[PDB]
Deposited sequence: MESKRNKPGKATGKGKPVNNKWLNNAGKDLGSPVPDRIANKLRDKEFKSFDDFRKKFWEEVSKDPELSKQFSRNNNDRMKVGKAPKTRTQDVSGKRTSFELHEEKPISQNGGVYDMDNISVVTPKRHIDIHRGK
């Protein structure tokens, strides 16, 4: 329960291309502008709003398939490529390094496991 803060970072036409490396992809600045100062009941609530805004940003939505845009439209994370999955974790996750968007990044489940396991 809190407000979203942060500026995020500029992104290109291949936003999630590096979600499987280092700390993943940053919250897009345009998305940060849409969520900044808004209040959220929970992280899950923040996450749904986040993906919904992504589906509304033409430059970001064009980077996903129709099936993935439908998922984001209702606030669910897009599915990752088969090779980036980890067991039952098959969609992008938000990693945290009250809701500071400059400390939130998009990562694949595989890369997320490694980050937390010291890799």
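- Absence of C-alpha coordinates is noted for several segments of the deposited sequence, namely 1-7, 105-112.
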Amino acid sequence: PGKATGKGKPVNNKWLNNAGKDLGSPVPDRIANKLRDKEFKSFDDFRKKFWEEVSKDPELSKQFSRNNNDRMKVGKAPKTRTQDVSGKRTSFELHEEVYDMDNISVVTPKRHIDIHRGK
From here on, numbers count along this sequence of modelled residues.
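- The mean Cα B-factor in the deposited entry runs higher for 44-52 than for the other of 62-70 and 44-52.
- Two stretches are in play, 30-38 and 75-83, and the higher mean C-alpha B-factor belongs to 30-38.
- Per the PDB record, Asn17 has a higher Cα B-factor than any other of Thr108, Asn13, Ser105, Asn17.
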